[PDB]
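*Asks:*
Chains as they are written, first to last, in the numbering used here: chain A, 1 to 570; chain B, 1001 to 1010; chain C, 2001 to 2142; chain D, 3001 to 3018; chain E, 4001 to 4585; chain F, 5001 to 5415.
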């Protein structure tokens, strides 16, 4: 096996050497540690066959970190191959030189990198730029000493527009890891030159060209208008990444754009068709498109005001896609499409996904809370969900009713009777606590509030800390409102939470309630059963500082995670 | 494979 | 008594299952998955004894397919291993060179042998020849 | 013949647009 | 008629999960279509396919009536298939076994032994509360039979009925009388198991079942004398199951009586020295004998022999042997506690063992071996184990350390320091239920509050993400704000507490995103109590309470509203309801 | 900015991996499978994984997961585009996307992966360009990649200059259970298979609403696509300037333009479903299909899928036109019709029993979807005006185009 392979590789037969190389490659791909045979393959490295040279280079790259000492016998071979007349051989040698993670290997490759920097072949130029970028990433000091920054900067204003895009991407990557000192920012002539070559760049070069404009900050309306006009044709590109980059560039330029000028209106009008096209992309890019829309939704919510039909979750859409669609609908919910949102939530509530049903219920509750015009519709939907005879659906409806009562309880007295007998046997803490709070605060439209609280008082001392606190608060409120039928209930609750309750916070609350009851029962109505102010709902919109930063970082991993770029990298 | 082997090898 | 005895392969496939405690189908599936994960996530020097859910989760597989037992903490741990070894020997004698492939094809025979050997999680046939003779007589009936 | 609509000849440009 | 082998081969031929699911669905559809026509020729193949699909993880709700129909059939193969279906897919919660009671009753009197035995096995495996009620008489009728092959089945059915219905054991008292002379090993084992189950269920039969102690001792002696036997002799131990049952009966028989222990003392002594633990069966027998001796009122020599055997098994390199020794030591913690102290080094070393079960057993033994003199010495070992323990054992180690401190703490100051160290190092591993216990312990202790208050203040400012530690610090601040800061009414010299850092910390905790609504409530209660407890920071917490009265949470919003109302309308009555809570055990 | 793109397998084995930056250890691939298994069992599985500080973005392929591990905040959209390009290149080179071709073309697969991207930045993405420099059965890189025209290889010579176009129409209707259509969008597809001599510059011209309005002829039937995406060879400058679709046609089948706009017309096929399902006794399938399309157009291979009960068995079909077959694997009955002329009314009456034992858990109500496909039908009414084929040498081209109308997301919500 190993001995036979070594003997075959140490022979003068080309067919046997090729067979040995193929066997080694297959073993390496299958999960075989072929690094021990790297020194044997070092001698059989300078071969005329291009297939064997590629395999040898791949083995050296994959066996360079494992055996750095044995990699010292390939510097001469790399130097010889760097002057190969065939452009493919030169490109492969340049890629292998930058792909070898050797501290002492890149030092001797500086001369080949400098020689290949001025390569006339656009593929050779791109390979040299990639090797320079890799060397700078591995050793920034070595790249600075070699003076590759000047060569990279001059590559942008040269021919080979794909090579120019590769050099621009390499320079941006070097500056991305740089501490921002001596940045490669260009004047408007550089931006115009990049835009002129943008139409001649390939699909990969378009992203690199648009990335440079993402860091540039326009300072004049005419320059911003020209940039927007140039990026407008990029919105008609089949590449999803190119379209996303163009949208991000347009959003960044809109920060300095003037709303009085018609350029902003034209950009907003042309952005909606792009968002609609992106919403119908592949499932892998669907999440990215949804995240980009959500990030740009907080910036220009009027761009997608009429984009509501496409926000509906399809039957074959994935769980992540359905969640993103529901989030977009919740963020894009409006009174104009309130009926459509309610119908989608009702339709989405009939699915078999428990998480999907909970998300739909939460979205319906958020829409009902945000828009008071659909408060009656939200209450009716919650009542229908409760009557649907679903444990999760019933719990979601109870939670929504409790949230609405704390937010809009002025006209919530018509659901107390319906919610009084609504399969209250559920032991879910979120639903039980919400029902207890609703009964305590709304203990006016129900004549059996004490009877209903009697069943929940059987295990008050061992139900839960939050549940026990809610039950005690409800009992105190009932005693303050109607103490004739709850005089004994209040005393029993105080005894259970004061003597049989070992919770520190619960014990303190019970002691405070007992002291208030024994000091001034009349004052307890104005102290305990007081009119609370308007509840300040938590705003889902991100901070303006984060929104501006997220606008520049469009299409990155941070946009999908909804986190700052420095808060997600390691 | 590993399935045709005897459980106890007896 | 043995709460549940299930034979699971190394890859996670279950070749046998016999629970003496009435549990929900979803709960039983979750318990089986947890037992497989614990056995699949346990080394060979763990003593073959796991105290999961207050149950003597004893895992001892002599081949690629492993076996798991769940008994209460009221008897010696070696008794479960001895019972498992005796059952494996009885199954091998009844079948002859028992392998993973034969277990899948003989699932009904294995279930019948397990029922005739241990009922309700307790030992029913202390001898090894009497149980084999009874199984052979039952099979010959038709 | 071919399913999904038979192939038809296409012009070079709009002759009525000059 | 698709054969079971063909279905198994088809299932094995599928690689993708979707393809296997589709094949299973097609097979289930074919089985349902065949069953809908009332097929009875290929019913065995359909039943086998349905059982295979159910075992693979496929629904079998529709394949319930077919099993019931096949149960009441006459074919032996069909009857076996129905019994297997009832045992596997039929349960008490299924509700489809109610109609199976008539079939079981009809087959209970069947002349064929395989049918009757299969029905008895199915009834034992799927014993129900109502099935046993209507089948208790049938089980008792077969308990008096002389069939050796059916005596074990009858005993198993009676044991299952007793376990399912403890009130039905009164009818088995005279059925098992005079049944200790069975020559068959299976019948004797079944009788011993039934007697042990009856003794464990209720203690009324212990006196009646204790009269057969000499018979059991004689049977055990005869079994030990016959060390060689073609049947039941595995690994050099003849009737290991019978020996284990006899040892268990001896341990459970006369556990609180001297006559029972004295009668079985000679048998236990002979077994402890006439048995070789080279094999697994011998080791299990020795462990069972040691457990029976420890759990019974045995002699000093028997206890010494059991301790020596446990110590010898502790040094065994086998993981199973080490686990058995650890379990025996843990069981013999209260009994022979002084003799268990000689294995302190072994218990300490077991915590560092590379076995999860072995490590857990060693930790449990160390926790149970903590006394009033080694508690201080073992505190450092427990802290080291908790600091360098596994994620699943760090919480358990912290709980054990807290329990030892609360039960056998050498001093309140030492116990308080240990609790504070556990809270600081436990972090998120401290149980939320232990927070009320720590609060009660702090409230009960009224002599160490200044140092404890200072430690809580120091630990709260450094970090606040620990829910249990944060809650404990908030409770301590609320209880002893008047003692944490002395002379903080106005500007004074720079001290640890300045009357403003505590308020800022409480506000940050209340407004911090790291709140679960329980620590926030405790912080709000502490802030409200500090209005009367602390007279230095006044007129500032009222604004926070008023602003905090509009919280998103209904309970938090109500609490904030109540606090604001009390501050704005009951300023003079704020101190009338801020009395210290009573301290009780 | 993925650190290394690798191809996994259904069992978690990596079929082939190729590191591009070296900042991510190759051992992180093993932990990807347990993370995916945990996410699937808890519903948190996503295509973009996260293993600590390194994100392992994966794409569900035909047989293996194309896991592209990344370390820094690389372009997620760029990574997805690179993965899609790699998948397209593999599909073009290998007709099968499975483990059979993964381990069969490793020698050429490694070379293709190395040439495609370097240092995490893709460089080559043209299938023809990649095949012209890397083959499985090497010369210098072609000048097409270096040249501006990377989508039209020069020097191509053919005996005849014939281009086959395809006017693909996708009719998607989102009809809710109430009977109203919610999402009714029709997406156009102008795909032409150009096979000629040289590198002609196609001059696309159709009856566009915007073009008709600009030219002053906005009075006839013009297609107004809400979203129009040009191909790679299509020049966006001409389209932005005066809607001039001028670009070099590719060598082979390619997508030039793809219209996408909402549809406000009645559905081509009107399907109404009746569920006379008894309580564990029987089930009724009152499915009636009405052809809303023109009578001159016939929907060939119309298959209206009606989801039957999951546990339903012994079903009986009573229809008038079209064979009805119940597939146990699909758990539904599809009203397959070979030819469906416009205006046809097909009524079906399904009848099947149900098991006595009720189901333990609900199975949901999947929407009913039809597979109608009527070719030679232009529902949008957009007619191609001319195709400006111009070559430097000068030749007479004979382009051809066919209009195909099919059903896309035409799902009707169940009752």
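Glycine is no exception: its CB is placed at the ideal position from the N, C-alpha and C atoms.
1. For residue 5374 of chain F, which three-state DSSP category applies?
2. Assuming contact is defined by CB atoms lying nearer than 8 Å, are residue 383 of chain A and residue 396 of chain A in contact in what I supplied?
3. Along the chain, which unbroken stretches of the alpha helix (DSSP H) at least 4 residues long are found entirely within the segment 5228-5280 of chain F?
4. Check residue 4054 of chain E in the structure and name its three-state DSSP category.
5. Considering only the beta carbon of each residue, do residue 417 of chain A and residue 439 of chain A sit closer than 8 Å?
6. Compare the C-beta of residue 4297 of chain E against all C-beta atoms of chain A and say whether one is closer than 8 Å.
7. For residue 522 of chain A, does the count of other Cβ atoms within 10 angstroms reach 16, so buried, or fall short, so exposed?
8. For residue 5252 of chain F and residue 4018 of chain E, what's the separation of their Cα atoms in angstroms?
9. Using only the alpha-carbon positions, how far apart do residue 4148 of chain E and residue 4181 of chain E sit?
10. So if DSSP puts residue 5191 of chain F in a beta bridge, which residue, or which two residues, is it bridged to?
11. Have a look at residue 5233 of chain F and residue 5374 of chain F and give me their C-alpha separation to the nearest angstrom.
12. Residue 4165 of chain E: which of E/4134, E/4278 and E/4288 sits nearest, CA to CA?
13. Assuming the contact rule is C-beta atoms closer than 8 Å, residue 399 of chain A and residue 434 of chain A should be a hit. Round their C-beta distance to whole Å, please.
14. Hey, would you say residue 291 of chain A sits closer than 8 Å to residue 560 of chain A, going by beta carbons?
15. Who are the near neighbours of residue 84 of chain A in its chain, counting only those whose CB is closer than 6 Å to its CB and skipping five residues on each side?
16. Just the chain A side, please: which residues come within less than 8 Å of residue 4569 of chain E by C-beta, in chain order?
17. CB residue 2008 of chain C to CB residue 2039 of chain C, shorter than 8 Å?
18. Quick check on this structure: which residue in A/336, A/225, A/316 and A/494 has the alpha carbon closest to the alpha carbon of residue 348 of chain A?
19. If I'm right that residue 4419 of chain E touches residue 4461 of chain E with Cβ under 8 Å, what's the distance once you round it to whole angstroms?
20. For residue 5119 of chain F, which of helix, strand or coil comes out of DSSP?
21. Output, in sequence order along the chain, the residues in the segment 5329-5362 of chain F whose CB is closer than 8 Å to any CB in chain E.
22. Using a Cβ-Cβ cutoff of less than 7 Å, which residues in the same chain neighbour residue 423 of chain A once the five nearest sequence positions on both sides are dropped?
23. Taking one C-beta from the segment 5068-5083 of chain F and one from the segment 553-567 of chain A each time, how about it: are there three or more such pairs within less than 8 Å?
24. Which term fits residue 4518 of chain E, buried or exposed, when burial requires 16 or more other beta carbons within 10 angstroms of its beta carbon?
25. Say whether chain A places a C-beta atom closer than 8 Å to the C-beta of residue 4517 of chain E.
26. Taking all protein chains shown into account, do 16 or more other C-beta atoms lie within 10 angstroms of the C-beta of residue 2073 of chain C, making it buried, or fewer, making it exposed?
27. With respect to the beta strand (DSSP E) encompassing residue 5313 of chain F, which residues constitute its N-terminal and C-terminal limits?
28. Please list the partners that residue 4284 of chain E has in chain C, where partner means a Cβ-to-Cβ separation under 8 Å.
29. Would you mind stating whether residue 4001 of chain E and residue 4036 of chain E have Cβ atoms separated by less than 8 Å?
30. So, are the CB atoms of residue 160 of chain A and residue 5146 of chain F less than 8 Å apart?
31. Start and end of the alpha helix (DSSP H) containing residue 4337 of chain E?
32. Using CA coordinates, which residue listed in E/4215, E/4207 and E/4288 is at the minimum distance from residue 4256 of chain E?
33. What's the C-alpha gap between residue 4422 of chain E and residue 4399 of chain E?
34. When the Cα of residue 195 of chain A is compared with those of F/5178, F/5237 and F/5218, which residue comes out closest?
35. So, at 8 Å on beta carbons, what are the nonlocal neighbours of residue 245 of chain A in its own chain, with the 5 sequence-adjacent residues on each side left out?
36. Please tell me whether residue 4126 of chain E and residue 4169 of chain E are closer than 8 Å, where the distance is taken between their beta carbons.
*Replies:* Inspection of the coordinates gives the following:
1. For the purposes of this step, residue 5374 of chain F is taken as the residue at position 374 of the sixth chain. In this structure, residue 5374 of chain F counts as strand in the three-state DSSP scheme.
2. Within the first chain, the letter at position 383 stands for residue 383 of chain A. Within the first chain, the letter at position 396 stands for residue 396 of chain A. Not a contact, by the Cβ cut-off of 8 Å.
3. Within the segment 5228-5280 of chain F, the alpha helix (DSSP H) runs of at least 4 residues that lie entirely inside it are, in chain order, 5236-5242.
4. Indexing the fifth chain from 1 puts residue 4054 of chain E at position 54. Note: residue 4054 of chain E maps to helix in three-state DSSP.
5. The sequence position of residue 417 of chain A within the first chain is 417, counting from 1. The sequence position of residue 439 of chain A within the first chain is 439, counting from 1. No, Cβ-Cβ distance for residue 417 of chain A and residue 439 of chain A is not below 8 Å.
6. Position 297 of the fifth chain, counting from 1, holds the residue named residue 4297 of chain E. Chain A, which has no Cβ nearer than 8 Å to the Cβ of residue 4297 of chain E, makes this no.
7. Here residue 522 of chain A refers to the residue found at position 522 when the first chain is read from its first residue. The residue is exposed, with fewer than 16 neighbouring Cβ atoms inside 10 Å.
8. As a working note, residue 5252 of chain F is residue 252 in the sixth chain. As a working note, residue 4018 of chain E is residue 18 in the fifth chain. Distance between the alpha carbons of residue 5252 of chain F and residue 4018 of chain E is about 35 Å.
9. Walking along the fifth chain from the start, residue 4148 of chain E turns up at place 148. Walking along the fifth chain from the start, residue 4181 of chain E turns up at place 181. Distance between the alpha carbons of residue 4148 of chain E and residue 4181 of chain E is about 12 Å.
10. Residue mapping note: residue 5191 of chain F aligns to position 191 of the sixth chain, counting from 1. Answer is F/5166 and F/5255, bridged to residue 5191 of chain F.
11. For this step, residue 5233 of chain F is matched to residue 233 along the sixth chain. For this step, residue 5374 of chain F is matched to residue 374 along the sixth chain. About 30 Å.
12. To locate residue 4165 of chain E, count along the fifth chain from 1; it is residue 165. When each option's Cα is compared against that of residue 4165 of chain E, the closest is E/4134.
13. Position 399 of the first chain, counting from 1, holds the residue named residue 399 of chain A. Position 434 of the first chain, counting from 1, holds the residue named residue 434 of chain A. Sure, about 5 Å apart at Cβ, within 8 Å.
14. In the first chain, counting from the first residue as 1, residue 291 of chain A sits at position 291. In the first chain, counting from the first residue as 1, residue 560 of chain A sits at position 560. Contact: yes.
15. The sequence position of residue 84 of chain A within the first chain is 84, counting from 1. 90.
16. By one-based count along the fifth chain, residue 4569 of chain E stands at place 569. 523, 526 and 527, listed in chain order.
17. Reading the third chain from its first residue, position 8 is the one you call residue 2008 of chain C. Reading the third chain from its first residue, position 39 is the one you call residue 2039 of chain C. Closer than 8 Å, so yes.
18. As a working note, residue 348 of chain A is residue 348 in the first chain. Of A/336, A/225, A/316 and A/494, the residue nearest in Cα terms is A/316.
19. Numbered from 1 along the fifth chain, position 419 holds the residue referred to as residue 4419 of chain E. Numbered from 1 along the fifth chain, position 461 holds the residue referred to as residue 4461 of chain E. Between residue 4461 of chain E and residue 4419 of chain E the Cβ distance is about 19 Å, and since that is not below 8 Å, they are no contact.
20. Numbered from 1 along the sixth chain, position 119 holds the residue referred to as residue 5119 of chain F. Correct three-state label for residue 5119 of chain F: coil.
21. 5329, 5331, 5353, 5355, 5356, 5357, 5358, 5359 and 5360
22. By 1-based counting over the first chain, the position of residue 423 of chain A is 423. Around residue 423 of chain A: 394.
23. Contact between the segment 5068-5083 of chain F and the segment 553-567 of chain A is present, because at least three Cβ pairs lie under 8 Å.
24. Taking the fifth chain and counting its residues from 1, one reaches residue 4518 of chain E at position 518. For residue 4518 of chain E, the number of other beta carbons within 10 angstroms of its own is at least 16, and it is reported as buried.
25. Within the fifth chain, the letter at position 517 stands for residue 4517 of chain E. Yes, residue 4517 of chain E lies at the interface with chain A (some Cβ there is under 8 Å from its Cβ).
26. Indexing the third chain from 1 puts residue 2073 of chain C at position 73. Exposed, because fewer than 16 other Cβ atoms sit within 10 Å of the Cβ of residue 2073 of chain C.
27. One-based indexing of the sixth chain puts residue 5313 of chain F at position 313. Unbroken beta strand (DSSP E) run through residue 5313 of chain F: 5313-5319.
28. Mapped onto the fifth chain, residue 4284 of chain E falls at position 284. Those within 8 Å of residue 4284 of chain E in chain C are 2076, 2077, 2078, 2079, 2081 and 2082.
29. Taking the first residue of the fifth chain as position 1, residue 4001 of chain E is located at position 1. Taking the first residue of the fifth chain as position 1, residue 4036 of chain E is located at position 36. No, these two residues do not count as a Cβ contact at 8 Å.
30. As a position in the first chain, residue 160 of chain A is number 160, starting the count at 1. As a position in the sixth chain, residue 5146 of chain F is number 146, starting the count at 1. Yes, they are a contact pair.
31. Taking the fifth chain and counting its residues from 1, the one referred to as residue 4337 of chain E is at position 337. Residue 4337 of chain E -> alpha helix (DSSP H) spans 4337-4340.
32. For this step, residue 4256 of chain E is matched to residue 256 along the fifth chain. Ranking E/4215, E/4207 and E/4288 by Cα distance to residue 4256 of chain E puts E/4207 first.
33. Start at 1 with the first residue of the fifth chain, and residue 4422 of chain E comes out as number 422. Start at 1 with the first residue of the fifth chain, and residue 4399 of chain E comes out as number 399. Using only the alpha carbons, I get a separation of about 9 Å.
34. Here residue 195 of chain A refers to the residue found at position 195 when the first chain is read from its first residue. Cα-wise, what sits closest to residue 195 of chain A is F/5237.
35. As a first step, residue 245 of chain A must be located in the first chain, where it is residue number 245. These residues qualify, in order along the chain: 206, 207, 210, 211, 214, 234, 554 and 555.
36. Here residue 4126 of chain E refers to the residue found at position 126 when the fifth chain is read from its first residue. Here residue 4169 of chain E refers to the residue found at position 169 when the fifth chain is read from its first residue. Their beta carbons are not under 8 Å apart, which means residue 4126 of chain E does not touch residue 4169 of chain E by this criterion.
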